[PDB]
Structure formats: structure tokens, C-alpha cells
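Each chain, letter by letter, is given below.
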Amino acid sequence: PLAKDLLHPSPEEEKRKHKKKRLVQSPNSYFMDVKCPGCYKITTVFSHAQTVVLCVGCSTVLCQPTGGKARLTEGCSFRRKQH
Amino acid sequence: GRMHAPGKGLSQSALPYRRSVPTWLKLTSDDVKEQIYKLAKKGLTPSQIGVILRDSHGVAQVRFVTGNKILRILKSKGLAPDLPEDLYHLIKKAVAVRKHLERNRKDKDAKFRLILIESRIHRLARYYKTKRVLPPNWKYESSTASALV
Amino acid sequence: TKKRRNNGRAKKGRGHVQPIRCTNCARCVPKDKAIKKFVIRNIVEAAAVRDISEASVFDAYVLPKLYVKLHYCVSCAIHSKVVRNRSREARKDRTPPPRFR
Amino acid sequence: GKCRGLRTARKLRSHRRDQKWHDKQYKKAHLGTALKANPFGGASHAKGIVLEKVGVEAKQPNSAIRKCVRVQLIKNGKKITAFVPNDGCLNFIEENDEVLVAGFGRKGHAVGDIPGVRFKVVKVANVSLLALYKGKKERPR
Amino acid sequence: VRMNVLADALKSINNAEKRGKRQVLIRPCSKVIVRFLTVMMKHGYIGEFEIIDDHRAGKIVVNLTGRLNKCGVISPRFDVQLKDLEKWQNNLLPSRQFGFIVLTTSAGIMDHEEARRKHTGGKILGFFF
RNA sequence: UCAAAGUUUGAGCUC
RNA sequence: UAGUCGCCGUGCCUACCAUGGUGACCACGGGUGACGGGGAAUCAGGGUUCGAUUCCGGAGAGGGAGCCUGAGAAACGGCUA
RNA sequence: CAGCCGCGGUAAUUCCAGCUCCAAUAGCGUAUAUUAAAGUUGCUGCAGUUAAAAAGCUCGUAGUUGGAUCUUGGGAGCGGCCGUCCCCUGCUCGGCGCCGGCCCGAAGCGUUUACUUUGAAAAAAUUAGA
RNA sequence: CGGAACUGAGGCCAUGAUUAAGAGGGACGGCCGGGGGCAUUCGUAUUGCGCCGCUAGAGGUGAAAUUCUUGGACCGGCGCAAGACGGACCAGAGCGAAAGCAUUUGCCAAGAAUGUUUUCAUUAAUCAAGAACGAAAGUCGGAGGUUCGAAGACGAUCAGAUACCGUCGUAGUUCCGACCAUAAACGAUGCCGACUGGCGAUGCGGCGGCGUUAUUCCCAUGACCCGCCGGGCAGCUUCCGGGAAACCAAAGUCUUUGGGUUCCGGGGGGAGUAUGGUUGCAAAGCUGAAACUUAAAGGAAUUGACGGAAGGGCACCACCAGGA
Ligand SMILES: [Mg+2]
Ligand SMILES: [Mg+2]
Ligand SMILES: [Mg+2]
Ligand SMILES: [Mg+2]
Ligand SMILES: [Mg+2]
Ligand SMILES: [Mg+2]
Ligand SMILES: [Mg+2]
Ligand SMILES: [Mg+2]
Ligand SMILES: [Mg+2]
Ligand SMILES: [Mg+2]
Ligand SMILES: [Mg+2]
Ligand SMILES: [Mg+2]
Ligand SMILES: [Mg+2]
Ligand SMILES: [Mg+2]
Ligand SMILES: [Mg+2]
Ligand SMILES: [Mg+2]
Ligand SMILES: [Mg+2]
Ligand SMILES: [Mg+2]
Ligand SMILES: [Mg+2]
Ligand SMILES: [Mg+2]
Ligand SMILES: [Mg+2]
Ligand SMILES: [Mg+2]
Ligand SMILES: [Mg+2]
Ligand SMILES: [Mg+2]
Ligand SMILES: [Mg+2]
Ligand SMILES: [Mg+2]
Ligand SMILES: [Mg+2]
Ligand SMILES: [Mg+2]
Ligand SMILES: [Mg+2]
Ligand SMILES: [Mg+2]
Ligand SMILES: [Mg+2]
Ligand SMILES: [Mg+2]
Ligand SMILES: [Mg+2]
Ligand SMILES: [Zn+2]
């Protein structure tokens, strides 16, 4: 097609572009509220942590870093916070 | 494209447009600084600081949440190193190379990489000489270098 | 003029390969240019096995095989007449024929 | 050009100055070896004495006996095969007579059959060879 | 490294106009470019472009019409006396009737004919017709 | 499943 | 730095100290069938080559050197080698 | 003979003659240096896979070139939404003078180049030119 | 009361620091790869030796001989031996600045690429001079000397062969240490940067998504499976347009001629010669002229003619089968 609304691309599109190549530059990372069933408080983990995020009071471990997104310990819920 | 290699990789951080802080985050700049002081006292770079803050405390950038930046704050409190960390890491790399060559005299590739590394060092060194952080008499000298880490 | 796009070989990313001695000659050919043939074949082919099968003791006892892998040189190939010349146009047709022969 | 920089006047001019010499004709004009080697020394004519008459054979397809004449110049002493042109003009040229010689329109290049002969005779003894061929004037005797 | 933003953009549009493309996205937004487009627009050669502000070097989206044969650039930026203006506009244009040579000046960004009215020489930027 | 195979009046071809 | 000479300023010259200055932005050295300029020829626009030559400036009267005389000469149609 | 291609080996449109015919006309021919023609030295303006052509590869000081970002607009009057004329510094002595103050005039000072416009200044002769 | 230096503590100034580039450097995470070096392990075959078995030929060619051989050859078995080489698995696959890089295991460090809301905030691109690396042959010393094999000899064909065939066989071929810097070192295509068509396949990292299948007993991993993303070796494709054409999504964006920057060519020969300079033990490398001669030298593509190149078809002035 010749005509193409370059100013008005769909959200599905802006998801299926490259990180810089979206109409405006936007990141693919996020923060998240990670929680074990036992301990009380919730950690604020970055999705690409490059760190062993220990829990409050050094009770027990949650993440072990990998390439991209961190794999969570067996039986540890989370909730993707927003702003 | 990269300076001393043929790669042309396009991978880096991409910061978003909103310079505004999120609604959930209520940790102040003063509290973050007291953390900075402890971590700098314990011994840590601005990079590793920025990493930990984004990971545990969920605060990606200090420059965006607060006004000024992390290194300038450290420079205010006198935690900054004698010379910049990247040159620090390069000479340490350089030393390990010359050390491995010392036993292993043949490693020609190691010699080629070493030489390119030193070229890169003096390039940075001239930038920092213009930026007026090193004195005019500073000089990398494989003899004296190993004293510096 | 450029006769072929690949220069009768398969050297696009690499740069050097080990030479081989011809079987019929000993002509040195780069392995990647050199012709490679994996010929597995019965020590007795077809006419012989019918004759030899008479010579076997057991009714229908399987024969082992002769697992060759041949490489020839070029001038030998045309002489031994494994490959024919083709036209400028048919040259690009690099698909081998089906499995009728 | 390729360096289309605003401040590469010098680099350009230098390059040009080097490459003019690769041109065969400029070098021909400005080095002296050609001018000095040429017996004419940048001249149209030159006087000289006839010392012998020579029949030089022509090149292929053509086939002819060209009538040249070995002159020796006075100023240098160099020797030349000046060719006499037209029909029946050689009987006029007597030996030990001064003739004015000119070029042959080629600037240092051989012409056709006569191999290596760039020169032709104009006068003989203050007498135009044309006038003798036409029959206007006579040889002084 | 990328030296001339404008120089990349104007090639991108000429390789659009040859293909009859309808709207074009250009990745680095410069103030000089912006002045340039506004010059051609007031005089009617293209429609209404719109610029995408990122706290960054912006982008620009031009809705292209079909009246533009070429829109060229002159690198390096040569100084131009009023003596040379005629020889430039002679050798650089299709004719004496139409086509323009746009040069920014102390006075401001404007056409060469406006420079002739105002009595103002200056630095050649480029041209179009 | 490869031993070899040389020359040709000077005496006139041609848009 | 201090003097000499010179009509004055200056290694112009003398003496005593200091050890500087130029260089790939082509110095230094070699060549030039080069006195210079105002100009001429050629040309689309750019340019190219020439310019001893009747106007201006310079230098010179066999080779080099030296000098009297004079307001003015290191004069050559003035002298001494 | 023919600058070059070529002509001449017995009907030569190419030589030597005659017969004619062509160009220019008191002038024409020949030679040499040199210039346009030459987008065959190319800044405007050449080439560089195969016609001649890219250093075997990478490092490297001078050289050359280098991202974005800071003033946009405003007031009064004017012409046929549009354009243009009028205006966009600041910090000791007297009069548009007026009832010590205000403004103006004057003196001195202005963070700095390239770029562009003016004038003066340019020996005549020459060139164009009335 | 005015004008110069010095020295105490104020009030106010919105009090003082442009963004973080589909510019770049450096850090981090788990990977990736015949990437490099050193040391370590294994395999057969090989040729040689020792021993045992039957035995008269074995070799080698288009056809033979010199050659080994009844003082036991060749063939087979078991042991020993030294140095090459790591087949087949091996791809229009990967990595390396380039030549090139593949037996096991260990040590050392590095790096392209990927994810990243990691730090600094212009630190960058190309480069005469200068420098590191740079297959084979060649050279100098040792060490080692299994195979092949320049040179050389002889034996064969042949009008000649001081070659092509053969039997021997030297330097060399292997390792360490010293030089050397040349190949069609070819994609015969300099480096960065932008833009303009598809199509399927692939390698790596990353992401998402029914179900199969092992861990077995789920998770979360592994093998399949269907996709998207970055750059990567290649492939196909078209009236994109270019190009003398052969051809190229680049050899494009060129008389509508300028994004940046190096190198380098200007008729053929003479000649990469001479002379000079410099390097090298030598071999030779590098820089690099002129005279003179000469009107053409070449490229792509067309039609012929030829072909001791292939495929088709015919003929008793061809053959075949035969006959005068
Ligand atoms: Mg570079
Ligand atoms: Mg033969
Ligand atoms: Mg004959
Ligand atoms: Mg004048
Ligand atoms: Mg004069
Ligand atoms: Mg003068
Ligand atoms: Mg005189
Ligand atoms: Mg005198
Ligand atoms: Mg007299
Ligand atoms: Mg006189
Ligand atoms: Mg006639
Ligand atoms: Mg011209
Ligand atoms: Mg010329
Ligand atoms: Mg060739
Ligand atoms: Mg060639
Ligand atoms: Mg190259
Ligand atoms: Mg080359
Ligand atoms: Mg810029
Ligand atoms: Mg093996
Ligand atoms: Mg190679
Ligand atoms: Mg150089
Ligand atoms: Mg070698
Ligand atoms: Mg070697
Ligand atoms: Mg030796
Ligand atoms: Mg042999
Ligand atoms: Mg013999
Ligand atoms: Mg042999
Ligand atoms: Mg080579
Ligand atoms: Mg061009
Ligand atoms: Mg030549
Ligand atoms: Mg000839
Ligand atoms: Mg017959
Ligand atoms: Mg028959
Ligand atoms: Zn073959």
C-alpha cells in the first residue's frame, strides 16, 4: 500500500516493532512485586536483575539470574506493579 | 560501528519519554543519599550502585527521580577515585594480559589485542586531559602501571 | 567474462581447505571443490549375486556391504563420463534429477 | 575531485602538480632532453651540406625507392637523412652544396614508407627547388 | 559518522518522490530543515508536514504531493557574492523562468529572488525545482 | 579407467 | 649589557654574559630557456599560456676592486691598479 | 603522390601533361612554438568488478570533517485573510525646558573572530564605454 | 571629606550543574564458537625390526626390463618401533585483522553478537610519517630424520625427450631457535553513514504461543512444533533503475552531475630495465627515469569455420558381412 498512516500506528504494531523503531522510543523492561508465602513484605525486583535479590531479614532466596527475565523460586508469587 | 572491531551491534538501554516519577515510589533523595554514603564507604562504583537501586529498591534512575546525578553527589562528598573507573579497569586488564604473555610469549593475538587496548587508553586519556581531571604529567608506563590497579 | 558465480567451488565465508590426492590420478584438488561421492555397494552387485547366490550354502543369507566414499578429479570425471556438459541456461539448474536413476 | 573539502586547496593543488608529469606531452615540453636532443633545437629550419645521395627502400604494401640525402649540419655536426620530394629534382642537387632543411609536419615521428626521415629540402644555393622544378629560374653556373 | 542530517533527509525524499510514495518519515529533526520546509510550504510546493517531539532530536512526517521534480543540496556551504549569484543560478537550474536556489542569510532564510530585492548576498544552502 | 597426429608458390583474397 | 662608527633605530661593528631560532603549514639546499608590474593572445561559464620591448620600479656599461672631486657619484662618454 | 585512409601491376575519377572545374583574391602557400576544440588532467567535470587501474590486513600523531540543545515575538498608525512603512541596547557639562525632579545632547566604556553590505582609498597608458 | 591595597562578619539572588543521540567507551547476566597459547590423552594405518606357518615367484605397464626373490620373496598371525596424519561425522556451516583454524582432558586469559529504565556525557570517522602480524618455497644453526620427493642416475616409448612412464634417490618436507614479507594475498569489488521490493530456508542470543515426547510423579528444563525481534554467512526473485554489454536490491539513488575521507590510472611497446638511494648473511624486496620505435593494443557480445569435446541421425563412392 501507498497510503500509510505513519502518525497513527496501532498498538499491536507498536508492540511488534523494535525497541527504538516504535514511533517513539520505549523500553521493554518492568518492575515487579515479588513475594514468598511465608515472609510478610514484598520485594521490588527489576525484571533484568543481574543480582541475587535476597528477601527482607535475609529469610530466604527468590531469584537466580539468567539471560533475560529472572526465574523465581518454587512457589513464589508476584504482581507486576504499575504507575 | 565499533572502533577496533568489525561488529556493529545495536543493543543498549532505551529510556522512556516520561521524566516523571511513578505514583507508588515514596523513597526520598535524602534517604537514598544516606544509602549512597554507606555503600560508597563500604566501597562501590556508581554503576553497581545504579544496578542495586534499580533491582531491589525498584528505582531505575536517580537522575530522573532526584535532580542531580550520582557521581556529582559522590564528588561532593569526596568518595570519587583518584582516576576514572574505566581507566582503572583497562589498566587492570592490560596488566593481566602482560602477565599472561610473560609466561606465554607466543600469544601473538594477545599482543595484538594488548596494543589496541593501549591505543584506546591514550585516546580516553586525552579526553580526560581536556576535561581537566588528570594533571599534564600523567602517563601510563608499563613499568609504573602495576602500582596502579 | 565471469564464467561461473561460484568458481566451481563452495568458498563463500571460509578461505582455505585441505587438498586431496585423486584416486585415478593423484591430482591435488581442494576438498571443497573436489567431487565427493558416497558409494555404498554390495561386494556382489546384481549379476554376480544371482550367480554367487548359487554359491551360497544357506537359503537367503544376507550379504554385508562395501561402504566406499569416492572422490575423483575433474578431467577424470569427464573422461570416466560421470558428468556431461550443459548449456549456459541449464547451468543454473542446480537441482539433481529425481531418483529414477 | 573526491576531497570536496573547503580547506583542501593545498592537497588538491599538490596532487595536480604531481600528476601533470605523468602526462607524456607536458613532460615532453618541460624537460630539456627532447629540446636538446632535437638537432633543430626548437627551430623551423636549419642549414646543412649534402654529403651523399641515398636510395632508401619503402615499407610494405607500398613499394618505392625514396631519394634521401645525408646532410651534416654546421652548428652541431649532427647527421640527417633529408628527403628530396618530387619527380626529377635530384639531378639538380649537386654534392657539396648548402641546402636549407625543414621538418615534415610530425614533431618527432616517422612518416609512412621512408623509415625515420623527418626532414625535407627547401632551397639549394639560394635557389628555390620549386622554382627549379617549375622552370622559372635557373641554377647559377 | 553521520555528518549531515539534511543531506540524508533530502535523498530520502527524492527516493520517495521517484516512487510516488505518499508520506515520509525522517528520523533526525533539525531547526534548519524545519525552516527549509516552511519555505517551500508557504510557496505551495508541498502540503502540511507534522513533527514528532521527543525530548530528543525529533522526527518529521511529510505528507508529499507530486509537484517536486528534485530538491537538492550543496555541500560544502559556499559563500556567494552577488557577482557569482547569476553564474550559480544559471549553471544550477533548469531555466531562467522557474526553479529556486535557497540560501540562508543574516537577514534570514529566503529565496534568491528575495535576496535580489533585499540586496543581500550570503551562504548557499541548496535548491529545488 | 588416455604412449602420437608436423609442414605447405614469392608468382596477386577484398568494398 | 656598555660602548664604536654612522645623520638617527638595529650584530652595523667591538667587548663581556645568556643558549637560543627554523622545520611535513615543505624550511634548508639544488633548478628556473625568470628582471617585476601595469598588460597581450585565447575564450560559453570556469580557466590556460605569454608579457626583453616606447609608462613605472630595479640593476649594468670588458672582468672585479678602490677613490678624489661634489649638495647629489662608490659616476664608467671622471681617475688608480 | 599521399599530414591520415590509400593510389600506381595497360580503358588510372588519386601520378606527369592538356582540356575543363573549385576555394580565396593582391594576396595565398609551407614549417615550428603555442591556444580552443580536450568532460584526453576534470574545483565546476574523468575514471578504478571484466577495457590500464584498491596498499595482503589491522593500529597510529599532524592533516581533513564532525549530532542535537539557548529569542521566540511585541506596540501604534498604514495598503489590497494577506503585505509594508514607524520602533525593539545599557551605565561630568547644558536646553524642546517644565514645576530639587524628568528627558534629551555630549564625553568615556563595552566578551571576541569568520561571513556579508557601504565608503574612502586606488598611478597613467590599456580594455569596455558616452 | 575624597581616592589605592589589605581584612572581619551580614541581608537579599526562583540562588549556581542543557538532554542523554537507532554517536561512542566502560560495567553486569547466562550463553556461543575447528577463536589463541601451553601442558596432558587416544587411534588406526604406515614403513622397519624380531619370531612362527605354507611356499616360488613378487613387482610394475599401454607392452617390458634394471629391481626384491629357494642365504625363504610375497601372503597370514603375534609382539615390538618412530614420525607424519587425526578420514569417514564435514554443511553453498561457524570463528579469526588476515594467512587460516577439527584426536581426548586440564590450566590461562579474550571477544564479536544478545537482554538491559547500568555509569561517563562528545570522549568520534578516515589517515602521508611510523609500527605489529603475515601460507608455500628459500636461508642459518641445532634436534629429528617415517613417507613422499627438486637435483641426479639408470631402465622404457619415441625421428629427437637430457620430459610425460619406472626403479632408486639428495637437499628440502617434521620440531625448537634465528631471518624473510613475496601469490590470481580474487568478491580481481577500500572504510563509515542514509534511503528505495518481495520470497522462502538457515546459525546465534532473546521473546511469545495449543499439543506431542523424556526427567517420571508434577514443576522447570531438554528434543520436536508454530511464530515475532536484532545482525550474520549465503540463496532465489521482477521492466526499481543503472550499466558498452556480461551483470548488480547494488556495480542503484549521475548532464536533475558535490554526505565524509584515503590510495591510485591517462596510447601500445621499450621497462618494473637503467642509473641513483635504501634494506638483507645471501636470495632478492622497495623507490624508480630516458632514448628509440610504432597506428593501433584490448573488452563484451553476433554469424561462421574448426574441435585428437559431448549428444542426436544417415550412406555398400562409409562401415558391417563378404566378393573381383
Ligand atoms: Mg579506523
Ligand atoms: Mg604426445
Ligand atoms: Mg611456398
Ligand atoms: Mg593596470
Ligand atoms: Mg621601467
Ligand atoms: Mg618596481
Ligand atoms: Mg649599469
Ligand atoms: Mg667604473
Ligand atoms: Mg663617441
Ligand atoms: Mg653615462
Ligand atoms: Mg590530373
Ligand atoms: Mg571544452
Ligand atoms: Mg589544452
Ligand atoms: Mg587483462
Ligand atoms: Mg585490467
Ligand atoms: Mg584491499
Ligand atoms: Mg590488488
Ligand atoms: Mg551537527
Ligand atoms: Mg586421527
Ligand atoms: Mg591462502
Ligand atoms: Mg603512508
Ligand atoms: Mg613458511
Ligand atoms: Mg617458511
Ligand atoms: Mg642456514
Ligand atoms: Mg616419486
Ligand atoms: Mg637418456
Ligand atoms: Mg619421477
Ligand atoms: Mg599477491
Ligand atoms: Mg562523477
Ligand atoms: Mg604507456
Ligand atoms: Mg605501422
Ligand atoms: Mg572416393
Ligand atoms: Mg554393416
Ligand atoms: Zn579429473
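Residues numbered from 1 in each chain as written, not as in the entry; some residues may be left out. Chains lettered and ligands numbered in written order. Part of a larger assembly, values for the part shown. Heavy atoms only, no water.

As recorded in the PDB entry, chain C goes by 40S ribosomal protein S26 and comes from Oryctolagus cuniculus. Listed in the archive, the entry goes by the title "Mammalian pre-termination 80S ribosome with eRF1 and eRF3 bound by Blasticidin S".

Under the PDB entry, chain B has the name ribosomal protein uS15 and belongs to Oryctolagus cuniculus.

(A) Focus on the pattern of salt bridges. Following the criterion strictly, the structure yields eleven salt bridges over all chains and no others. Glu-52 of chain D serves as the salt-bridge partner of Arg-70 of chain D, at 3.4 Å between the closest nitrogen and oxygen. Placement of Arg-70 of chain D in strand β2 (residues 65-73) and of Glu-52 of chain D in strand β1 (residues 45-57) is noted, with a sequence separation of 18 residues between them. For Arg-70 of chain D, a relative accessible area of 24% puts it in the partly exposed group. Assessed through its relative accessible area of 38%, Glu-52 of chain D is described here as partly exposed. With its nearest N and O atoms 3.6 Å apart, the salt bridge here joins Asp-8 of chain E to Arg-2 of chain E. On the basis of relative accessible area, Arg-2 of chain E is assigned to the partly exposed category, the value being 48%. Here the salt bridges do not stand alone but share partners, grouping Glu-94, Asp-97 and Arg-139 of chain D into one network. (Salt bridge = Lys/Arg side-chain N within 4 Å of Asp/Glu carboxyl O. Helix = DSSP H or I, 4+ residues; strand = E, 2+ residues; numbered from the N terminus. Buried < 20%, exposed > 50% of the residue type's maximum accessible area, 1.4 Å probe, protein only.)

(B) Layout of the interface of chain B and chain E. Taken together, the contact pairs four residues of chain B with four residues of chain E. Summed over both sides, the interface between chain B and chain E buries roughly 360 Å², with carbon and sulfur atoms accounting for 42% of that surface. For the chain B face of the interface with chain E, the top three residues by lost area are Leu-15, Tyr-17 and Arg-19 of chain B, together amounting to 98%. In this assembly, chain B and chain E are joined by zero salt bridges. Per-class residue counts for the side of chain B that touches chain E are three nonpolar, no polar and one charged. (Contact = heavy atoms within 4.5 Å. Buried area = accessible area lost by both parts, 1.4 Å probe. Nonpolar A, V, L, I, M, F, W, Y, C, P; charged D, E, K, R; others polar.)

(C) Spotlight on the pairing of strand β3 (residues 79-83) of chain D. Residues and elements named next belong to chain D. Where β2 and β3 come together, five bridges link them in antiparallel fashion. Note that in β3 the partner of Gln-72 across the bridge is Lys-79. In sequence, β2 turns back onto β3 through a hairpin of five residues, with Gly-77 there showing a positive phi of about 95°. (Pairing = 2+ DSSP bridges.)

(D) Broad picture of a positive patch on the surface. Taken together, the side chains of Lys-3, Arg-4, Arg-27, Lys-33, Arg-86, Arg-88 and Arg-91 of chain C present a region of like positive charge at the surface. Inspection of the secondary structure puts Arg-27 of chain C in the loop between β1 (19-21) and β2 (28-30). (Patch = residues over 30% accessible without salt bridge, like charges linked within 9 Å, V, L, I, M, F, W, Y side chains within 5 Å. Areas by Shrake-Rupley, 256 points an atom, 1.4 Å probe, with all protein chains shown as cover. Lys, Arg positive; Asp, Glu negative; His and termini not counted. Charge placed at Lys NZ, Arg CZ, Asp CG, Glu CD.)

(E) Summary view of helix α6 (residues 108-130) of chain B. All names here are of chain B. Its 23 residues give α6 an end-to-end C-alpha distance of 34 Å, which sits within 8% of 33 Å, the value for a rise of 1.5 Å per residue. When we look at burial in α6, the residues that qualify are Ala-110, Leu-114, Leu-116, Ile-117, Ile-121, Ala-125 and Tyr-128. Those residues of α6 that are buried lie in contact with α5 (85-103). (Expected span 1.5 Å × (residues − 1).)

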